[PDB]
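**Q** The structure file entry-v7.cif (mmCIF, C-alpha atoms) is provided below.
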```
data_query
#
loop_
_atom_site.label_atom_id
_atom_site.label_comp_id
_atom_site.auth_asym_id
_atom_site.auth_seq_id
_atom_site.Cartn_x
_atom_site.Cartn_y
_atom_site.Cartn_z
CA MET A 183 -33.23 1.88 -29.23
CA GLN A 184 -29.95 1.97 -27.33
CA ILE A 185 -27.75 5.08 -27.19
CA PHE A 186 -24.26 5.88 -25.93
CA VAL A 187 -24.14 8.64 -23.31
CA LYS A 188 -20.58 9.85 -22.76
CA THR A 189 -20.20 11.11 -19.21
CA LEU A 190 -17.45 13.60 -18.29
CA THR A 191 -15.13 11.09 -16.65
CA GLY A 192 -14.47 8.52 -19.36
CA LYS A 193 -17.63 6.42 -19.16
CA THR A 194 -20.16 5.53 -21.83
CA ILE A 195 -23.66 4.78 -20.58
CA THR A 196 -25.63 2.49 -22.89
CA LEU A 197 -29.30 3.07 -22.12
CA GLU A 198 -32.43 2.06 -23.98
CA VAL A 199 -34.68 4.95 -24.96
CA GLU A 200 -37.48 5.82 -27.39
CA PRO A 201 -37.63 8.04 -30.53
CA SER A 202 -40.54 10.03 -29.09
CA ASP A 203 -38.81 10.13 -25.70
CA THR A 204 -38.35 13.59 -24.24
CA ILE A 205 -34.83 14.76 -23.34
CA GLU A 206 -36.00 15.28 -19.75
CA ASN A 207 -37.05 11.62 -19.55
CA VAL A 208 -33.64 10.59 -20.87
CA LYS A 209 -32.09 12.47 -17.95
CA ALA A 210 -34.25 10.52 -15.50
CA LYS A 211 -32.96 7.30 -17.05
CA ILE A 212 -29.36 8.44 -16.57
CA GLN A 213 -30.17 9.50 -13.00
CA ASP A 214 -31.41 5.97 -12.33
CA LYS A 215 -28.00 4.58 -13.25
CA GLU A 216 -25.40 7.23 -12.35
CA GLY A 217 -27.48 9.21 -9.87
CA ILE A 218 -26.69 12.54 -11.52
CA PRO A 219 -29.39 15.23 -10.95
CA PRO A 220 -31.40 15.67 -14.21
CA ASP A 221 -31.55 19.42 -13.57
CA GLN A 222 -27.75 19.73 -13.67
CA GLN A 223 -27.57 17.24 -16.53
CA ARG A 224 -26.40 19.30 -19.49
CA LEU A 225 -27.13 16.88 -22.31
CA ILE A 226 -25.31 17.92 -25.47
CA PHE A 227 -25.38 16.12 -28.82
CA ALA A 228 -22.92 17.05 -31.58
CA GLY A 229 -22.29 20.42 -29.96
CA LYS A 230 -25.99 21.21 -29.86
CA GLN A 231 -27.49 21.22 -26.37
CA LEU A 232 -30.57 19.03 -25.96
CA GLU A 233 -33.53 20.98 -24.63
CA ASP A 234 -35.61 19.23 -21.95
CA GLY A 235 -38.81 20.07 -23.82
CA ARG A 236 -37.54 18.38 -26.98
CA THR A 237 -37.45 14.76 -28.11
CA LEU A 238 -34.68 12.55 -29.51
CA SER A 239 -36.11 12.76 -33.03
CA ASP A 240 -35.94 16.56 -32.70
CA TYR A 241 -32.16 16.41 -33.02
CA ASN A 242 -32.25 13.48 -35.46
CA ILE A 243 -30.98 11.09 -32.79
CA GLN A 244 -31.08 7.39 -33.68
CA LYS A 245 -29.57 4.16 -32.36
CA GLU A 246 -25.96 4.02 -31.16
CA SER A 247 -25.84 7.82 -31.12
CA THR A 248 -22.97 9.43 -29.23
CA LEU A 249 -24.42 11.72 -26.56
CA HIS A 250 -22.32 13.87 -24.22
CA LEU A 251 -23.26 14.77 -20.65
CA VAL A 252 -21.70 17.96 -19.31
CA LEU A 253 -21.56 19.05 -15.66
CA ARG A 254 -19.16 19.70 -12.77
CA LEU A 255 -18.63 16.03 -11.95
CA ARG A 256 -15.18 16.58 -10.40
CA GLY A 257 -16.69 18.69 -7.65
CA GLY A 258 -13.41 20.11 -6.43
CA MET B 259 17.84 35.21 -23.71
CA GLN B 260 16.46 31.97 -25.16
CA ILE B 261 13.09 31.12 -23.64
CA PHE B 262 10.75 28.52 -25.18
CA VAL B 263 7.35 27.94 -26.76
CA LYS B 264 5.00 25.07 -26.01
CA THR B 265 2.71 24.21 -28.89
CA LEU B 266 -0.55 22.28 -28.55
CA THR B 267 1.10 19.31 -30.22
CA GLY B 268 3.89 18.84 -27.69
CA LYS B 269 6.56 20.55 -29.76
CA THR B 270 8.82 23.15 -28.14
CA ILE B 271 11.11 25.64 -29.92
CA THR B 272 14.08 27.57 -28.48
CA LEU B 273 12.67 31.09 -28.94
CA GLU B 274 15.33 33.79 -28.63
CA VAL B 275 14.16 37.12 -27.25
CA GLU B 276 15.36 40.25 -25.48
CA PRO B 277 14.46 41.58 -21.98
CA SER B 278 12.62 44.55 -23.51
CA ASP B 279 11.05 42.40 -26.25
CA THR B 280 7.29 42.84 -26.65
CA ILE B 281 4.82 39.96 -26.90
CA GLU B 282 3.74 41.25 -30.32
CA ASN B 283 7.31 41.14 -31.65
CA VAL B 284 7.61 37.63 -30.21
CA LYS B 285 4.46 36.60 -32.08
CA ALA B 286 6.16 37.71 -35.31
CA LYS B 287 9.12 35.44 -34.57
CA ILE B 288 6.64 32.60 -34.03
CA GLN B 289 4.78 33.52 -37.23
CA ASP B 290 7.94 32.98 -39.26
CA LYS B 291 8.96 29.88 -37.31
CA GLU B 292 5.54 28.18 -37.35
CA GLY B 293 3.32 30.13 -39.71
CA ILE B 294 0.31 30.84 -37.53
CA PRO B 295 -0.65 34.57 -37.61
CA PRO B 296 -0.24 36.70 -34.40
CA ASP B 297 -4.02 37.24 -34.14
CA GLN B 298 -4.37 33.47 -34.00
CA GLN B 299 -1.41 33.06 -31.64
CA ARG B 300 -2.01 33.20 -27.90
CA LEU B 301 0.74 33.26 -25.30
CA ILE B 302 0.33 32.23 -21.67
CA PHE B 303 2.89 32.31 -18.87
CA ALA B 304 1.73 30.37 -15.78
CA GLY B 305 -2.05 30.86 -15.68
CA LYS B 306 -1.58 34.33 -17.15
CA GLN B 307 -2.37 35.58 -20.64
CA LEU B 308 0.33 37.71 -22.22
CA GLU B 309 -0.90 40.87 -23.93
CA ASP B 310 0.63 41.84 -27.28
CA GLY B 311 1.45 45.33 -26.03
CA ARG B 312 3.37 44.13 -22.98
CA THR B 313 7.10 43.61 -22.47
CA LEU B 314 8.54 40.34 -21.13
CA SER B 315 10.27 42.36 -18.40
CA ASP B 316 7.06 43.12 -16.48
CA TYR B 317 5.86 39.56 -16.96
CA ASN B 318 9.04 38.51 -15.07
CA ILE B 319 9.84 35.80 -17.63
CA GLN B 320 13.32 34.75 -16.48
CA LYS B 321 16.06 33.20 -18.60
CA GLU B 322 15.04 29.91 -20.22
CA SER B 323 11.33 29.94 -19.42
CA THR B 324 8.61 28.09 -21.31
CA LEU B 325 5.51 29.74 -22.82
CA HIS B 326 2.09 28.36 -23.75
CA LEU B 327 1.05 28.83 -27.38
CA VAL B 328 -2.74 28.50 -27.39
CA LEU B 329 -4.64 28.67 -30.71
CA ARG B 330 -7.87 26.69 -30.24
CA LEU B 331 -10.77 28.43 -28.50
CA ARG B 332 -13.58 27.89 -31.00
CA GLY B 333 -16.67 26.04 -29.89
CA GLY B 334 -20.25 25.35 -30.86
CA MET C 1 5.51 27.94 2.62
CA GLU C 2 7.30 30.72 0.76
CA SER C 3 6.92 30.52 -3.00
CA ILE C 4 4.21 27.97 -3.65
CA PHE C 5 1.65 27.99 -6.45
CA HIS C 6 -1.38 27.93 -4.16
CA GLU C 7 -4.38 29.07 -6.18
CA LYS C 8 -7.94 29.05 -4.90
CA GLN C 9 -11.19 28.72 -6.83
CA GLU C 10 -14.70 27.30 -6.57
CA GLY C 11 -17.70 26.62 -8.80
CA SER C 12 -16.70 24.43 -11.74
CA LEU C 13 -13.47 24.87 -13.74
CA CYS C 14 -11.98 22.28 -11.38
CA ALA C 15 -9.59 21.21 -14.15
CA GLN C 16 -8.12 24.72 -14.04
CA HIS C 17 -6.84 23.98 -10.55
CA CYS C 18 -5.94 20.36 -11.23
CA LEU C 19 -3.55 21.36 -14.01
CA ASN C 20 -2.47 24.45 -12.07
CA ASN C 21 -1.17 22.07 -9.41
CA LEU C 22 -0.26 19.10 -11.61
CA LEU C 23 3.47 19.55 -12.17
CA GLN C 24 3.81 20.94 -8.62
CA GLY C 25 3.60 24.45 -10.05
CA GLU C 26 1.51 26.51 -12.45
CA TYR C 27 2.19 26.68 -16.19
CA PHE C 28 -1.13 25.89 -17.87
CA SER C 29 -4.15 28.15 -18.43
CA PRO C 30 -8.00 28.04 -18.40
CA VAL C 31 -8.21 28.80 -22.14
CA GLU C 32 -5.69 26.02 -22.76
CA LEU C 33 -8.23 23.51 -21.45
CA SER C 34 -10.27 24.09 -24.59
CA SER C 35 -7.15 24.01 -26.76
CA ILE C 36 -5.66 20.72 -25.56
CA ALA C 37 -9.15 19.21 -25.57
CA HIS C 38 -9.60 20.24 -29.19
CA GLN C 39 -6.36 18.45 -30.06
CA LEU C 40 -8.16 15.13 -29.83
CA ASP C 41 -11.07 16.61 -31.79
CA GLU C 42 -8.63 17.84 -34.45
CA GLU C 43 -7.19 14.35 -35.00
CA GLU C 44 -10.49 12.51 -34.53
CA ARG C 45 -12.19 14.84 -37.02
CA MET C 46 -9.76 14.15 -39.88
CA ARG C 47 -9.85 10.48 -38.88
CA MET C 48 -13.64 10.23 -38.85
CA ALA C 49 -13.73 12.23 -42.07
CA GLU C 50 -11.93 9.49 -43.97
CA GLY C 51 -13.19 6.57 -41.91
CA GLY C 52 -16.77 7.78 -41.87
CA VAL C 53 -19.11 4.86 -41.31
CA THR C 54 -22.31 6.83 -40.78
CA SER C 55 -23.53 10.42 -40.99
CA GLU C 56 -23.02 10.93 -37.25
CA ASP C 57 -19.27 10.58 -37.84
CA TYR C 58 -18.95 13.99 -39.48
CA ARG C 59 -21.63 15.36 -37.14
CA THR C 60 -21.07 14.31 -33.54
CA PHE C 61 -17.32 13.94 -34.03
CA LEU C 62 -17.18 17.23 -35.91
CA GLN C 63 -18.44 19.11 -32.88
CA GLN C 64 -17.50 17.13 -29.79
CA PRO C 65 -18.74 18.89 -26.61
CA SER C 66 -16.11 19.78 -23.97
CA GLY C 67 -13.50 19.26 -26.68
CA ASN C 68 -14.61 22.49 -28.30
CA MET C 69 -15.03 24.32 -24.97
CA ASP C 70 -17.14 22.95 -22.12
CA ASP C 71 -20.50 24.34 -20.99
CA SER C 72 -19.87 24.18 -17.24
CA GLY C 73 -16.10 24.16 -17.41
CA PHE C 74 -15.19 20.56 -16.70
CA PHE C 75 -13.01 18.28 -18.78
CA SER C 76 -12.36 14.57 -18.33
CA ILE C 77 -9.17 12.63 -19.09
CA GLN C 78 -9.32 14.30 -22.50
CA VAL C 79 -7.30 17.20 -21.07
CA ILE C 80 -5.25 15.17 -18.60
CA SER C 81 -3.70 12.76 -21.08
CA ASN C 82 -3.09 15.65 -23.49
CA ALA C 83 -1.66 18.03 -20.87
CA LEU C 84 1.13 15.66 -19.92
CA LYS C 85 1.51 14.55 -23.53
CA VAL C 86 2.43 18.02 -24.81
CA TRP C 87 5.02 18.36 -22.05
CA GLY C 88 6.58 14.97 -22.72
CA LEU C 89 5.08 12.96 -19.88
CA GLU C 90 3.16 9.69 -20.11
CA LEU C 91 -0.04 8.66 -18.35
CA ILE C 92 -0.20 5.14 -16.91
CA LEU C 93 -3.34 3.38 -15.64
CA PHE C 94 -2.71 1.95 -12.17
CA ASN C 95 -6.31 0.82 -11.66
CA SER C 96 -6.77 -1.28 -14.81
CA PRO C 97 -5.52 -4.89 -14.22
CA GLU C 98 -3.97 -4.95 -17.71
CA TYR C 99 -1.56 -2.25 -16.52
CA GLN C 100 -1.69 -2.39 -12.71
CA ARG C 101 0.25 -5.66 -13.04
CA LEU C 102 3.47 -3.62 -13.45
CA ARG C 103 3.55 -3.24 -9.65
CA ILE C 104 5.75 -0.16 -9.47
CA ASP C 105 6.32 1.48 -6.07
CA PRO C 106 4.06 4.59 -6.09
CA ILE C 107 6.50 6.31 -3.73
CA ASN C 108 9.04 6.26 -6.55
CA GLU C 109 6.60 7.97 -8.91
CA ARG C 110 6.15 11.71 -9.39
CA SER C 111 2.41 12.46 -9.42
CA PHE C 112 -0.89 10.66 -10.00
CA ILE C 113 -4.53 11.69 -10.27
CA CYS C 114 -7.34 9.59 -8.84
CA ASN C 115 -10.81 9.63 -10.42
CA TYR C 116 -14.05 8.43 -8.84
CA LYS C 117 -16.29 10.22 -11.34
CA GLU C 118 -17.91 12.31 -8.59
CA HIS C 119 -14.49 13.51 -7.39
CA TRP C 120 -10.83 13.52 -8.37
CA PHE C 121 -7.79 13.50 -6.08
CA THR C 122 -4.79 15.59 -7.10
CA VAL C 123 -1.84 13.80 -5.51
CA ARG C 124 1.78 14.79 -6.11
CA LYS C 125 5.15 14.16 -4.47
CA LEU C 126 6.45 17.08 -2.40
CA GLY C 127 9.90 17.14 -0.84
CA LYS C 128 10.00 13.71 0.77
CA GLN C 129 6.26 13.18 1.25
CA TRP C 130 3.09 13.08 -0.83
CA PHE C 131 0.49 15.85 -0.92
CA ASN C 132 -3.16 15.66 -1.98
CA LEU C 133 -4.90 18.92 -2.89
CA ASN C 134 -8.02 20.21 -4.64
CA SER C 135 -10.33 23.20 -4.91
CA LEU C 136 -12.44 21.61 -2.20
CA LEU C 137 -9.36 20.94 -0.07
CA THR C 138 -7.39 23.73 1.58
CA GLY C 139 -5.48 21.31 3.75
CA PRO C 140 -2.82 19.24 1.94
CA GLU C 141 -3.46 15.69 3.14
CA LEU C 142 0.03 14.63 4.19
CA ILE C 143 0.48 11.14 2.79
CA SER C 144 3.21 9.10 4.46
CA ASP C 145 5.35 6.63 2.49
CA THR C 146 3.83 3.60 4.22
CA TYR C 147 0.36 5.12 3.98
CA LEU C 148 0.72 5.76 0.23
CA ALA C 149 1.17 2.04 -0.45
CA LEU C 150 -2.13 1.33 1.29
CA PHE C 151 -3.79 4.44 -0.15
CA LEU C 152 -3.12 3.27 -3.71
CA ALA C 153 -4.60 -0.14 -2.91
CA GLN C 154 -7.66 1.39 -1.24
CA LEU C 155 -8.22 3.54 -4.33
CA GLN C 156 -8.15 0.49 -6.60
CA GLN C 157 -10.62 -1.38 -4.39
CA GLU C 158 -12.92 1.65 -4.22
CA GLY C 159 -12.81 2.08 -7.98
CA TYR C 160 -10.61 5.15 -8.21
CA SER C 161 -9.08 5.43 -11.67
CA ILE C 162 -5.43 6.11 -10.92
CA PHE C 163 -3.60 8.05 -13.62
CA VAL C 164 0.13 7.89 -12.88
CA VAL C 165 2.41 10.35 -14.64
CA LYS C 166 5.67 8.79 -15.79
CA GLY C 167 8.77 10.74 -16.73
CA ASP C 168 10.62 13.77 -15.40
CA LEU C 169 8.17 16.27 -13.96
CA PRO C 170 9.48 19.85 -13.53
CA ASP C 171 9.54 20.40 -9.77
CA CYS C 172 9.13 23.86 -8.26
CA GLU C 173 10.44 25.67 -5.17
CA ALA C 174 7.80 23.84 -3.11
CA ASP C 175 9.77 20.62 -3.62
CA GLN C 176 13.02 22.00 -2.30
CA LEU C 177 11.54 23.75 0.74
CA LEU C 178 9.45 20.69 1.61
CA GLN C 179 12.64 18.65 2.04
CA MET C 180 13.15 20.27 5.44
CA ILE C 181 9.80 18.97 6.71
CA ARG C 182 10.03 15.64 8.62
#
```
Can you give me the file's structure in the form of structure tokens?

**A**
Amino acid sequence: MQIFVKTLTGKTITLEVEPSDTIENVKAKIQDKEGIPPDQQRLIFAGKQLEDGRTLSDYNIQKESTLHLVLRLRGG
Amino acid sequence: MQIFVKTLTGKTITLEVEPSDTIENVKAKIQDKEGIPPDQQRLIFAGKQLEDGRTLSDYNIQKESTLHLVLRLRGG
Amino acid sequence: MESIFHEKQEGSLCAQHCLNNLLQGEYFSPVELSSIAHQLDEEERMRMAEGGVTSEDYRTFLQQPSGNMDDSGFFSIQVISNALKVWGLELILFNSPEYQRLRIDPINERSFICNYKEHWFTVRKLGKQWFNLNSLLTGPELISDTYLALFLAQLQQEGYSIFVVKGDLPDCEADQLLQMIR
């Protein structure tokens, strides 16, 4: 299904994922669009940080879910 | 001397204090004015946190100077 | 360069320097970043509580990351729009066509922040010129009046989200002493 990834800048990335998709794979998908390094991609959902070794269903994530990506995007 | 107090809502109140007035005593004044307890109240003066047991004199807070009333630091 | 709020920092918390040099001088605080950010959360929470469409409403909007303290220490426009808001200043979009159409001389303005997602430019009027500074910029890029007009246009073309601050911004000593420079 499609999800809404809120990036720290005022952008919402609508990407298509899978229920059994691992959080790490989700990062790769975001990296393909924004180019943000998956390693530095601090994916947080509803305050709870998404662990790379976990899946979307692990955090009860469904379609149109509001995800939040945290990282030092400003740089300086 | 009448300084000021900047709330997190955009409201400012003409706080009247003395040169030797302590931050704690100031918090009391704010407690009556607003209602928020001193332990919840946080006061900042230009990137600097004001300690309850410190006088405004040392802080250098001149006549008619604003103050930052922080009260939200919870996260999870 | 006598009394000027020139703070230095590196490694995240970039917003702490952006606000520290927003209104020309310092007045904000690092801990405030989580407070002003939670202001939106506070209102959104009570809003989503009543207008709850799904279960995620009182879940994801009950604990909105960055709003309730950030992990790395970076905040988006969530703290910018609120920072000026609590002081009595307004934020205008100079990049969005629906607003850019106002066509107001940027040299007449007070300060504006440019966002390119990967970087933000902290530009503010100083004395009789415009200065751009950051945590990754020790040299204030002197922006001339004629250059500013082009700079603003270049930003729009590049895709830089220009947040112009309208109203009376409290200038510091750096504004008065900069009046003697060219």

**Q** As a compact mmCIF listing (two decimals) with C-alpha atoms, in the coordinates of the input, please: chain A after a least-squares superposition onto chain B using all C-alpha atoms matched in order.

**A**
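superposed-v5.txt, written as the output of this step:
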```
# COMPACT_ATOMS: atom_id res chain seq x y z
CA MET A 183 17.86 34.44 -24.84
CA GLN A 184 15.96 31.31 -25.83
CA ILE A 185 12.50 30.50 -24.46
CA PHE A 186 10.16 27.51 -24.58
CA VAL A 187 6.74 28.26 -26.07
CA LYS A 188 4.30 25.42 -25.39
CA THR A 189 1.73 25.27 -28.16
CA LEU A 190 -1.69 23.65 -27.59
CA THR A 191 -0.92 20.40 -29.39
CA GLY A 192 2.11 19.02 -27.58
CA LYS A 193 4.89 21.07 -29.15
CA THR A 194 7.53 23.27 -27.55
CA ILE A 195 8.86 26.08 -29.72
CA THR A 196 12.37 27.18 -28.78
CA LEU A 197 12.80 30.71 -30.12
CA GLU A 198 15.42 33.34 -29.43
CA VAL A 199 14.06 36.61 -28.10
CA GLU A 200 15.17 39.72 -26.21
CA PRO A 201 14.51 41.00 -22.64
CA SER A 202 13.22 44.32 -23.97
CA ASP A 203 11.25 42.49 -26.67
CA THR A 204 7.56 43.30 -26.79
CA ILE A 205 5.03 40.45 -26.45
CA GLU A 206 3.60 41.42 -29.85
CA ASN A 207 7.02 40.94 -31.45
CA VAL A 208 7.28 37.52 -29.81
CA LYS A 209 4.03 36.59 -31.54
CA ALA A 210 5.49 37.60 -34.90
CA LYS A 211 8.43 35.29 -34.23
CA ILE A 212 6.06 32.39 -33.50
CA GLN A 213 4.05 33.25 -36.62
CA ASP A 214 7.24 32.94 -38.65
CA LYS A 215 7.66 29.35 -37.50
CA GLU A 216 4.17 27.93 -36.89
CA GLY A 217 2.20 30.40 -38.99
CA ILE A 218 -0.30 31.12 -36.22
CA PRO A 219 -1.93 34.60 -36.48
CA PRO A 220 -0.39 36.89 -33.79
CA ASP A 221 -3.82 38.44 -33.20
CA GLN A 222 -5.31 35.09 -32.16
CA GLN A 223 -2.13 34.19 -30.29
CA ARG A 224 -3.16 34.18 -26.64
CA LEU A 225 0.25 34.14 -24.99
CA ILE A 226 -0.04 33.15 -21.35
CA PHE A 227 2.82 32.79 -18.86
CA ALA A 228 2.26 31.14 -15.47
CA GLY A 229 -1.47 31.74 -15.73
CA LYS A 230 -0.96 35.43 -16.40
CA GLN A 231 -1.81 36.51 -19.94
CA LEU A 232 0.94 38.44 -21.71
CA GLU A 233 -0.26 41.81 -22.96
CA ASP A 234 0.91 42.80 -26.46
CA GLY A 235 1.97 46.22 -25.18
CA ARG A 236 4.21 44.66 -22.54
CA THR A 237 7.74 43.26 -22.65
CA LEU A 238 9.26 39.97 -21.46
CA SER A 239 10.90 41.66 -18.47
CA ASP A 240 7.45 42.97 -17.51
CA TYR A 241 6.44 39.47 -16.42
CA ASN A 242 9.93 38.62 -15.14
CA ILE A 243 10.54 36.29 -18.09
CA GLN A 244 14.10 35.01 -18.49
CA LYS A 245 15.88 32.25 -20.41
CA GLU A 246 14.34 28.78 -20.75
CA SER A 247 11.01 30.16 -19.53
CA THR A 248 7.94 28.00 -20.11
CA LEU A 249 5.43 30.00 -22.15
CA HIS A 250 1.98 28.72 -23.14
CA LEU A 251 0.15 29.63 -26.34
CA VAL A 252 -3.64 29.33 -26.19
CA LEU A 253 -6.02 29.32 -29.16
CA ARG A 254 -8.49 27.13 -31.08
CA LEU A 255 -5.82 25.14 -32.90
CA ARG A 256 -8.03 22.06 -33.37
CA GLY A 257 -10.41 24.04 -35.56
CA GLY A 258 -13.19 21.49 -35.49
```

**Q** Go through chain B and flag each residue having an atom no more than 6 Å from chain C; for those, report the closest pair of atoms plus their distance in Å to one decimal, using only C-alpha atoms, ordered by chain and rising number, as a Markdown table.

**A**
```
| residue | atom | partner | partner_atom | distance |
| --- | --- | --- | --- | --- |
| B:267 | CA | C:86 | CA | 5.7 |
| B:268 | CA | C:86 | CA | 3.3 |
| B:304 | CA | C:27 | CA | 3.7 |
| B:305 | CA | C:29 | CA | 4.4 |
| B:330 | CA | C:35 | CA | 4.5 |
| B:331 | CA | C:34 | CA | 5.9 |
| B:333 | CA | C:68 | CA | 4.4 |
```

**Q** Leaving out residue 252 (chain A) and any residue of its chain fewer than 6 positions from it, which residues lie within 9 Å of it when counting all atoms listed in the file, given as a PyMOL selection string?

**A** (chain A and resi 188-190+222-226) or (chain C and resi 65-66+70-75)

**Q** For the file shown, what are the residues hit by the PyMOL selection byres ((chain A and resi 249) around 7), laid out as a ChimeraX atom specification?

**A** /A:186-188,226-227,247-248,250-251

**Q** Counting only C-alpha atoms, what is within 12 Å of residue 108 (chain C), bar same-chain residues fewer than 2 positions away, as a PDB file with C-alpha atoms, in the frame of the given file?

**A**
```pdb
ATOM      1  CA  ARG C 103       3.550  -3.240  -9.650  1.00  0.00           C
ATOM      2  CA  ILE C 104       5.750  -0.160  -9.470  1.00  0.00           C
ATOM      3  CA  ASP C 105       6.320   1.480  -6.070  1.00  0.00           C
ATOM      4  CA  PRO C 106       4.060   4.590  -6.090  1.00  0.00           C
ATOM      5  CA  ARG C 110       6.150  11.710  -9.390  1.00  0.00           C
ATOM      6  CA  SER C 111       2.410  12.460  -9.420  1.00  0.00           C
ATOM      7  CA  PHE C 112      -0.890  10.660 -10.000  1.00  0.00           C
ATOM      8  CA  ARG C 124       1.780  14.790  -6.110  1.00  0.00           C
ATOM      9  CA  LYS C 125       5.150  14.160  -4.470  1.00  0.00           C
ATOM     10  CA  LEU C 126       6.450  17.080  -2.400  1.00  0.00           C
ATOM     11  CA  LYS C 128      10.000  13.710   0.770  1.00  0.00           C
ATOM     12  CA  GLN C 129       6.260  13.180   1.250  1.00  0.00           C
ATOM     13  CA  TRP C 130       3.090  13.080  -0.830  1.00  0.00           C
ATOM     14  CA  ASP C 145       5.350   6.630   2.490  1.00  0.00           C
ATOM     15  CA  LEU C 148       0.720   5.760   0.230  1.00  0.00           C
ATOM     16  CA  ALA C 149       1.170   2.040  -0.450  1.00  0.00           C
ATOM     17  CA  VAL C 164       0.130   7.890 -12.880  1.00  0.00           C
ATOM     18  CA  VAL C 165       2.410  10.350 -14.640  1.00  0.00           C
ATOM     19  CA  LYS C 166       5.670   8.790 -15.790  1.00  0.00           C
ATOM     20  CA  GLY C 167       8.770  10.740 -16.730  1.00  0.00           C
ATOM     21  CA  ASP C 168      10.620  13.770 -15.400  1.00  0.00           C
TER      22      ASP C 168
END
```

**Q** Using all atoms listed in the file, which residues sit within 9 Å of residue 261 (chain B) once same-chain residues fewer than 2 positions away are excluded, as a list in words?

**A**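 Answer for this query is residues 259, 263, 271, 272, 273, 274, 275, 319, 320, 321, 322, 323, 324 and 325 of chain B.
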
**Q** Give me a file of those residues, with C-alpha atoms, as a PDB file, keeping the file's coordinate frame.

**A**
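Saved to selection.pdb:
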```
ATOM      1  CA  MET B 259      17.840  35.210 -23.710  1.00  0.00           C
ATOM      2  CA  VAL B 263       7.350  27.940 -26.760  1.00  0.00           C
ATOM      3  CA  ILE B 271      11.110  25.640 -29.920  1.00  0.00           C
ATOM      4  CA  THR B 272      14.080  27.570 -28.480  1.00  0.00           C
ATOM      5  CA  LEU B 273      12.670  31.090 -28.940  1.00  0.00           C
ATOM      6  CA  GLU B 274      15.330  33.790 -28.630  1.00  0.00           C
ATOM      7  CA  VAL B 275      14.160  37.120 -27.250  1.00  0.00           C
ATOM      8  CA  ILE B 319       9.840  35.800 -17.630  1.00  0.00           C
ATOM      9  CA  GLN B 320      13.320  34.750 -16.480  1.00  0.00           C
ATOM     10  CA  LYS B 321      16.060  33.200 -18.600  1.00  0.00           C
ATOM     11  CA  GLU B 322      15.040  29.910 -20.220  1.00  0.00           C
ATOM     12  CA  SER B 323      11.330  29.940 -19.420  1.00  0.00           C
ATOM     13  CA  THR B 324       8.610  28.090 -21.310  1.00  0.00           C
ATOM     14  CA  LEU B 325       5.510  29.740 -22.820  1.00  0.00           C
TER      15      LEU B 325
END
```

**Q** Using the chain letters and numbers from this file, what does the PyMOL selection byres ((chain C and resi 94-98) around 8) select? Give the answer as a list in words.

**A** residues 92, 93, 99, 100, 101, 156, 159, 160, 161, 162, 163 and 164 of chain C

**Q** Generate a file of the selected residues that holds C-alpha atoms, formatted as a CSV table (one decimal), keeping the file's coordinate frame.

**A**
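File written: selection00.csv
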```csv
chain,number,residue,atom,x,y,z
C,92,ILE,CA,-0.2,5.1,-16.9
C,93,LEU,CA,-3.3,3.4,-15.6
C,99,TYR,CA,-1.6,-2.2,-16.5
C,100,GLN,CA,-1.7,-2.4,-12.7
C,101,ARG,CA,0.2,-5.7,-13.0
C,156,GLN,CA,-8.2,0.5,-6.6
C,159,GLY,CA,-12.8,2.1,-8.0
C,160,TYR,CA,-10.6,5.2,-8.2
C,161,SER,CA,-9.1,5.4,-11.7
C,162,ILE,CA,-5.4,6.1,-10.9
C,163,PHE,CA,-3.6,8.0,-13.6
C,164,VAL,CA,0.1,7.9,-12.9
```

**Q** Box for region 289-299 of chain B: with edges along x, y and z, all listed atoms inside and 6 Å added on each side, what are the centre and edge lengths in Å to one decimal, as AutoDock Vina command-line options?

**A**
```
--center_x 2.3 --center_y 32.7 --center_z -35.7 --size_x 25.3 --size_y 21.1 --size_z 20.1
```

**Q** Using only C-alpha atoms, find each residue in region 81-144 of chain C having at least one atom no more than 12 Å away from region 201-216 of chain A; report its shortest atom-to-atom pair and that distance in Å (one decimal), rows by chain then rising number, as CSV.

**A**
```
residue,atom,partner,partner_atom,distance
C:116,CA,A:216,CA,11.9
C:117,CA,A:216,CA,9.6
C:118,CA,A:216,CA,9.8
```

**Q** Can you list, as a PyMOL selection string, every protein, DNA or RNA residue that comes within 7 Å of residue 140 (chain C) when you count only C-alpha atoms, leaving out same-chain residues fewer than 4 positions away?

**A** chain C and resi 131-133

**Q** Could you please take those selected residues and save C-alpha atoms as an mmCIF file, keeping the file's coordinate frame?

**A**
```cif
data_model
loop_
_atom_site.group_PDB
_atom_site.id
_atom_site.type_symbol
_atom_site.label_atom_id
_atom_site.label_comp_id
_atom_site.auth_asym_id
_atom_site.auth_seq_id
_atom_site.Cartn_x
_atom_site.Cartn_y
_atom_site.Cartn_z
ATOM 1 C CA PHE C 131 0.490 15.850 -0.920
ATOM 2 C CA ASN C 132 -3.160 15.660 -1.980
ATOM 3 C CA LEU C 133 -4.900 18.920 -2.890
#
```

**Q** Just how far from CA of residue 306 (chain B) is CA of residue 4 (chain C), in Å to one decimal?

**A** 16.0 Å

**Q** Provide the CA of residue 293 (chain B) to CA of residue 270 (chain B) distance in Å, to one decimal place.

**A**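 Taking CA of residue 293 (chain B) and CA of residue 270 (chain B), their separation equals 14.6 Å.
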
**Q** Would you please work out which residue, of A:200, A:218, A:231, A:193, is nearest to chain B when using all atoms listed in the file?

**A**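 Checking each of A:200, A:218, A:231, A:193 against chain B, counting all atoms listed in the file, the winner is A:231.
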
**Q** Expressed in Å to a single decimal, how great is the separation between CA of residue 151 (chain C) and CA of residue 91 (chain C)?

**A**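 Between CA of residue 151 (chain C) and CA of residue 91 (chain C) the gap is 19.1 Å.
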